[PDB]
Amino acid sequence: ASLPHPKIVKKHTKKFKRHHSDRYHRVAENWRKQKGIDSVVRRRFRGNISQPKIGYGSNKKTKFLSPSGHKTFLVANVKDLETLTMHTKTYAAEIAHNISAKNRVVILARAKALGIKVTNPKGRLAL
Amino acid sequence: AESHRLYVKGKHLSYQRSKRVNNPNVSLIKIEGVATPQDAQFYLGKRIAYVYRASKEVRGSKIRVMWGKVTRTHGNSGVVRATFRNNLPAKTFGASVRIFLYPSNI
Amino acid sequence: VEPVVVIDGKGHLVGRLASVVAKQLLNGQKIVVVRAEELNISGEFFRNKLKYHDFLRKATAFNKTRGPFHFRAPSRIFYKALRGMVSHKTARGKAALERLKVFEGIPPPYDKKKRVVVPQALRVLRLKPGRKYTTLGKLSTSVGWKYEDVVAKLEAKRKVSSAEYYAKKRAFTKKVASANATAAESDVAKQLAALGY
Amino acid sequence: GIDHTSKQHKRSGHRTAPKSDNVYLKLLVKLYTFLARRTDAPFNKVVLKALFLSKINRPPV
Amino acid sequence: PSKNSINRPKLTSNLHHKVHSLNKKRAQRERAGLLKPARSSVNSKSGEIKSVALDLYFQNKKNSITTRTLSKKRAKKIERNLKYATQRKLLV
Amino acid sequence: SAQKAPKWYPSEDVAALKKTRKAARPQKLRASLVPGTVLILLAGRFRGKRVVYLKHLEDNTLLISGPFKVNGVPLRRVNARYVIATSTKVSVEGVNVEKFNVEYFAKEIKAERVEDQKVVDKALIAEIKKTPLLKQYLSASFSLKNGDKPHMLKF
RNA sequence: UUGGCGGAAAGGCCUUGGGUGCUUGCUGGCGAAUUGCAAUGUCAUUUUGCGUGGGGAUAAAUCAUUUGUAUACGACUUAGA
RNA sequence: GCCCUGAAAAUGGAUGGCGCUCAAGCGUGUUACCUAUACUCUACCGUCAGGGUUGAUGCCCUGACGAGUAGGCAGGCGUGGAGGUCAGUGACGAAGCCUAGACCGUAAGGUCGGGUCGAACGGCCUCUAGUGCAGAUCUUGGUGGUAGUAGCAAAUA
RNA sequence: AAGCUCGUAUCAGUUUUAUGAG
RNA sequence: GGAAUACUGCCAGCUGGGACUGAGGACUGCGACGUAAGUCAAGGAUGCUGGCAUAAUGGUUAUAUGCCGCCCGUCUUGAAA
RNA sequence: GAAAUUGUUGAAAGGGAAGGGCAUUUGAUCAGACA
Ligand SMILES: [Mg+2]
Ligand SMILES: [Mg+2]
Ligand SMILES: [Mg+2]
Ligand SMILES: [Mg+2]
Ligand SMILES: [Mg+2]
Ligand SMILES: [Mg+2]
Ligand SMILES: [Mg+2]
Ligand SMILES: [Mg+2]
Ligand SMILES: [Mg+2]
Ligand SMILES: [Mg+2]
Ligand SMILES: [Mg+2]
Ligand SMILES: [Mg+2]
Ligand SMILES: [Mg+2]
Ligand SMILES: [Mg+2]
Ligand SMILES: [Mg+2]
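Residues numbered from 1 in each chain as written, not as in the entry; some residues may be left out. Chains lettered and ligands numbered in written order. Part of a larger assembly, values for the part shown. Heavy atoms only, no water.

- As documented in the archive entry, the model was determined using cryo-EM at 2.36 Å resolution.

**A word on the interface of chain E and chain C**
Phase 1: Contacts between chain E and chain C engage 8 residues on the former and 13 residues on the latter.
Phase 2: Of the roughly 1,000 Å² buried where chain E meets chain C, counting both sides, 59% is carbon and sulfur surface.
Phase 3: For the chain E face of the interface with chain C, the top three residues by lost area are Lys3(E), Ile6(E) and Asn7(E), together amounting to 56%.
Phase 4: The interface formed by chain E and chain C includes 0 salt bridges.
Phase 5: On inspection of chain E and its partner chain C, the count reaches 6 residue pairs in polar contact.
Phase 6: A per-class count over the side of chain E that touches chain C returns 4 nonpolar, 2 polar and 2 charged. (Contact = heavy atoms within 4.5 Å. Buried area = accessible area lost by both parts, 1.4 Å probe. Salt bridge = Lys/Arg side-chain N within 4 Å of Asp/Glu carboxyl O. Polar contact = N/O pair within 3.5 Å; in protein donor to acceptor, adjacent residues only side chain to side chain. Nonpolar A, V, L, I, M, F, W, Y, C, P; charged D, E, K, R; others polar.)

**Description of a nonpolar patch on the surface**
Residue and element names in this part refer to chain C.
Phase 1: A contiguous nonpolar surface patch, about 520 Å² in accessible area, is contributed by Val-188, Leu-192, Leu-195 and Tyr-197.
Phase 2: Topologically, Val-188 is positioned in helix 8 (residues 187–195).
Phase 3: On the accessibility criterion, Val-188 (56% relative accessible area) is exposed. (Patch = residues over 30% accessible without salt bridge, like charges linked within 9 Å, V, L, I, M, F, W, Y side chains within 5 Å. Areas by Shrake-Rupley, 256 points an atom, 1.4 Å probe, with all protein chains shown as cover. Helix = DSSP H or I, 4+ residues; strand = E, 2+ residues; numbered from the N terminus. Buried < 20%, exposed > 50% of the residue type's maximum accessible area, 1.4 Å probe, protein only.)

**Here's the deal with the packing of aromatic side chains**
Phase 1: Scanning the model with the defined rule gives 15 aromatic pairs over all chains in all.
Phase 2: A centroid spacing of 5.3 Å and a plane angle of 25 degrees characterise the contact between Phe100(B) and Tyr102(B), whose relative ring orientation is stacked. Both residues of the pair, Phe100(B) and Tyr102(B), belong to the buried class.
Phase 3: Summarising the aromatic geometry, the rings of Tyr57(E) and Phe58(E) are spaced 6.0 Å apart at their centres and angled 75 degrees between planes, so their arrangement reads as edge-to-face.
Phase 4: Among the residues examined, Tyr57(E) registers a relative accessible area of 11% and is labelled buried.
Phase 5: Residue class for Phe58(E) comes out partly exposed when judged on its relative accessible area of 38%.
Phase 6: Note that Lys46(B) overlies the ring of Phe42(B), its terminal NZ or CZ placed 4.7 Å from the centroid.
Phase 7: Here the basic side chain of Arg123(C) rests over the ring of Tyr133(C), its NZ or CZ set 4.0 Å away from the ring centre. (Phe/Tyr/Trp six-rings, centres within 6.5 Å; stacked < 30°, edge-to-face > 60°. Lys NZ or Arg CZ within 6 Å of the ring centre and 35° of its normal.)

**Description of the packing of helix 2 (residues 52–62) of chain E against helix 3 (residues 72–91) of chain E**
Residue and element names in this part refer to chain E.
Phase 1: The interhelical angle for the contact between helix 2 and helix 3, taken along N-to-C directions, is 75 degrees, at an axis separation of 11 Å. In terms of their interaxial angle, helix 2 and helix 3 are classed as roughly perpendicular. Contacts between helix 2 and helix 3 pair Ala-53, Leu-54 and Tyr-57 from the former with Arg-74, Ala-75, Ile-78 and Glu-79 from the latter. (Axes fitted to C-alpha atoms, helices over the stretch in contact; angles between N-to-C directions. Parallel < 35°, antiparallel > 145°, perpendicular 65-115°, else oblique.)

**Some thoughts on the interface of chain B and chain F**
Phase 1: Contacts between the two partners involve 17 residues from chain B, matched on the other side by 21 residues from chain F.
Phase 2: Here chain B meets chain F over a buried area of about 1,700 Å², counting both sides, of which 61% is carbon and sulfur.
Phase 3: When the area that chain B buries against chain F is broken down by residue, the three leading residues are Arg5(B), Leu6(B) and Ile106(B), summing to 37%.
Phase 4: Along the contact surface separating chain B from chain F lie 9 residue pairs in polar contact.
Phase 5: Of the residues belonging to the side of chain B that touches chain F, the class tally is 10 nonpolar, 5 polar and 2 charged.

**A closer look at the sheet that holds strand 2 (residues 30–34) of chain C**
All names here are of chain C.
Phase 1: Taking strand neighbours across the sheet as the criterion, the 3 strands line up as 1-2-4 in an open arrangement whose pairing is parallel. Unpaired on one side and paired on the other, strand 1 (4–8) and strand 4 (100–102) mark the two borders of the sheet. Neighbouring strand axes in the sheet, compared pairwise and without regard to direction, differ in orientation by 15 degrees on average.
Phase 2: Bridging between strand 1 and strand 2 involves 5 bridges; their strand directions are parallel. Its bridge partner lying in strand 2, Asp-8 is registered against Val-34.
Phase 3: The strands touched by helix 1 (residues 14–27) within the sheet are strand 1, strand 2 and strand 4, with strand 2 carrying the most contacts at an inclination of about 155 degrees. (Pairing = 2+ DSSP bridges.)

**Digging into the side chain of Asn44(D)**
Phase 1: Structurally, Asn44(D) can be placed in helix 2 (residues 42–50).
Phase 2: For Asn44(D), the contacting residues outside a window of four places in its chain are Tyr32(D), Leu35(D), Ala36(D) and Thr39(D).

**Details of helix 2 (residues 45–57) of chain C**
All names here are of chain C.
Phase 1: Its 13 residues give helix 2 an end-to-end C-alpha distance of 18 Å, which sits within 8% of 18 Å, the value for a rise of 1.5 Å per residue.
Phase 2: Among the residues making up helix 2, those that are buried are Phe-45, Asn-48, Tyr-52 and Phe-55. Buried residues along helix 2 cover an arc of 80 degrees about the axis, so they all sit on one side. For helix 2, the exposed residues set more than 90 degrees away from the buried face come down to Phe-46, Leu-50 and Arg-57.
Phase 3: Buried residues belonging to helix 2 abut strand 3 (40–42), helix 3 (74–83), strand 5 (133–135) and helix 6 (136–143). (Expected span 1.5 Å × (residues − 1). Arc of directions from axis to C-beta.)

**Some words on the protein's contact with RNA strand J**
Phase 1: Of all residues adjacent to RNA strand J, which total 47 residues, the nearest are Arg59(B), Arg85(B), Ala16(F), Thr20(F) and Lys22(F).
Phase 2: The sugar-phosphate portion of RNA strand J accounts for 71% of its atoms within 4 Å of the protein, the bases making up the rest.
Phase 3: Contact between RNA strand J and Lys19(F): a phosphate oxygen at 3.0 Å from a main-chain N or O atom of the residue.
Phase 4: Among the secondary structure elements, those contributing two or more residues to the surface near RNA strand J are strand 4 (63–74) of chain B together with helix 4 (91–97) of chain C. (Near = heavy atom within 4 Å.)

**Here we look at the side chain of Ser44(E)**
All names here are of chain E.
Phase 1: Counting through the fold element by element, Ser-44 comes out in the loop between helix 1 (11–32) and helix 2.
Phase 2: Engagement of the side chain of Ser-44 in a polar contact is seen with the backbone oxygen of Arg-39, the distance being 3.4 Å.
Phase 3: A distance of 3.4 Å separates a polar side-chain atom of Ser-44 from the backbone nitrogen of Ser-46.
Phase 4: When neighbours within four sequence positions are excluded, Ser-44 is seen to be in contact with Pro-37, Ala-38 and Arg-39.

**Points about the pairing of strand 2 (residues 50–56) of chain F**
Here is the key point about a regular strand: its side chains alternate between the two faces of the sheet.
Residue and element names in this part refer to chain F.
Phase 1: Taking burial as the measure, the 7 residues of strand 2 include 5 buried ones, the bulk of the element.
Phase 2: Bridge count between strand 1 (residues 37–41) and strand 2: 3 bridges; the pairing is antiparallel. Along strand 2, the bridge assignment pairs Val-38 with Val-52.
Phase 3: Taking the residues that link successive antiparallel strands as the turn, the strand 2-strand 3 (residues 61–65) hairpin has 4 residues, and the phi of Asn-60 there is positive, at about 60 degrees.

And the structure:
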């Protein structure tokens, strides 16, 4: 129940991992550019990791879209939720991580009444 | 009768490759009885199945299929090129495939 | 077109036979080579013996048991030729090499099976007449193989048995051909001839 | 590969916009942008250009 | 193959044995019931909250060696939250 | 607020599609597919069977019959790209197949199917009996033998 | 079931007699459908599992102790109901 | 013209290997074939340029481009604290931490679920800085392999 | 990188013609 | 003497098979077939049909296979050396 | 109550290193969309 869109294409689904993060624990996976003058990764020798660049940018008509076709909007309460009352086909609400279960019940009831899709309706509400 | 076959036997030779890089998206297929590219032009567009076995049953069968189709001839000796929905696993270099007679132009 | 192809190595040239067999194994065909002692290498016997003594020169200096291993038998000479043409340190190469068996003579069960030839590796089809050539059994004997006489005696015994078998088969062929001739004048045979049989 | 005869990705520039954050100046720039687009009058072109100039380039009269 | 026995397959025999062994072990684990059921199974948790603590609490309410234990702190919190949910269900 | 509301929103009005210039013109069958031709089925339940082609339908499918008395294939639809047309043809002028169409075959035993099967099969048998060995040929199944080459085989 | 032969890794080849099924060598009569227009559409030997059962056979090795033809330790080589 | 000799040391080894003799050698001619981040066409990203337009540093149309060290310009990501706001989140569980689970960004990063935990903390517009680490025989603390290892044999028991 | 100009303006690791050298 | 054929070139001649792609999203334009109303392959794909409806496609993760991949940083032309 | 480092359990791989890239098989595991 979203707005129709082209089939979503991702040019690079794999995570861009920092070089030697597999080799050292002290080197995290968060991407860093190799600045070394003799670096084979910087110089783009065959058989090394791929580096992020703008040619991997996704289609502007499918960018920021979930597989169902909605953009995610973080909501903290019912007033935040009701900002999506007219944008039902284009936005889906995600309840913030620090909302209690008692308020999540109220948010879910209001969302069902308004027809607004909720991305994470199972959180903190195990039956 | 003793035989029920409706396909031609084939061998998965390798991926498309140069001397030091391969292309897994294209397989090279050797069809039995085909020795020239003009002979292999009959088989262009034909459906191919790699039919294999697994121990775990899925949807009522232990026999699994990877589907594909013949696209173009390759070289002078009757080899063809093929593309499958999922690329062939490279452990099947030298394994058997079935080339069916459909879609048919006869 | 067979599940197993039995190749009679007599009269074949080692390198061209090894090339075709290596390619067949990599494409996924089971091959049994028999009679490796009757294979041929082009060139004169002293040339080929000199080449084998060059191979015998090669060895690891600090420990001879780590070195190149010099197998003297004709089947092992052909196997070395073939393994040089197979990428044998990969799993695919090992799996290809495990589709091949090489024998001196024709041991059971292959002695009662059909044996084929490879025309692109045959000496009488490839070598220009008058060119000298070596035979693998004599080469192996000169470099240290010790079972040429045993294989020769067993081959003689096998030939006697196979000759008796062929005599019986030939007599039966004559009988079947005779009885098939007298049915060639019937209407069924005329219709078969009209269709090409 | 192409043998370029000129520089790639070169900016024309010519001071497209004013560097001020004055709301009234931005309103006047909007008005004279409309006029210079919809009249084809060189006076409006000159006024729109002079609205973009810096202080050292706008001396008093 | 080995250099000491060229006519005997080695890698293929090892691979055949390994495939058979892995298949036997997978069948044994499935029969022991250590694998998840189908997605449409009644006892499938697909699409629902997956929680060791809640599984243990509900198993103890339903009434080998494991590393899944439920602390009394979390159990009391589960009891309190379930009473909250029950009060809501009554009031609705 | 967990997130600021965006200033601009996409409109929720669904656009119409453009007018398409793609007309449906009738399928041109292969030159070898003529009514009365014996066909070899390449796929399906009756794969390898030899049937008789009767009529071209409006959904680009071929109506065929066994006939059902000969090899047990009823009046069916097949796809034209999943059969091999042979050189053998039986005379079809005595068969009335004006009733059979998409609505006839829609599934949303009827004995209307059975009676129509018998009505077609009578004239089919009458014509089939004229050519020697034709009934045995239609009852036997097709398969590839060792060394058969479909690129060189004549049908 | 009768007989003969095969040791190169024989493990197979040939043969006697009767029994029991099929035979498309030829002529007939019934059946097939709905897997819905394709989806490998599953077809071939062996089975360290079990239940039925009629038959066959009721061992060793190691530790510990012990010898010194052996020995850094292992190992080796002896002995003991 | 081709062939042989026309000098060679010293671990075992090399037309890359196998090997090849009417060649798989040498000279030449004719075709076919294989495949680069190159060339042609299409889509997508960004940059630049030219236009149109009474959320206008936005929208739409069109064309062409994209190597890069020192260096330069621009747009962004994250952190401690400050002013304003969301009458924001929170004992029906803040922050932190763990996670074979989910999603968005080219990326810096962001977001959600589960577990643990127990009292506070965020989004946005701005202000401010002791604001981002793999290295410095860096500093302080903690911990491995080496390893149940070397050894614990002077002074008679 | 900024301004003032001009924009059939300013030209060009090229040829041509004429005229030198070799 | 009279033909043919090769070779090379041209056709706004006809026609069979295969592969990849389907961007755009009311209309507007240039055209074509028709006396005409209209129609079309003419400023970018539609029509008809089946199966499944869940781990089936897909993702993640542990690995296997084919091919590729030397250890970073610094400093010196340059560095496995 | 993090990491280095360690124990147990479960799963896996291993014929003189391991790690990484593209692609797919296998096993495990998982979300969305379900009128
Ligand atoms: Mg370029
Ligand atoms: Mg070569
Ligand atoms: Mg030549
Ligand atoms: Mg918390
Ligand atoms: Mg600092
Ligand atoms: Mg550090
Ligand atoms: Mg550094
Ligand atoms: Mg240090
Ligand atoms: Mg220290
Ligand atoms: Mg000690
Ligand atoms: Mg002392
Ligand atoms: Mg998959
Ligand atoms: Mg390499
Ligand atoms: Mg504590
Ligand atoms: Mg740890």
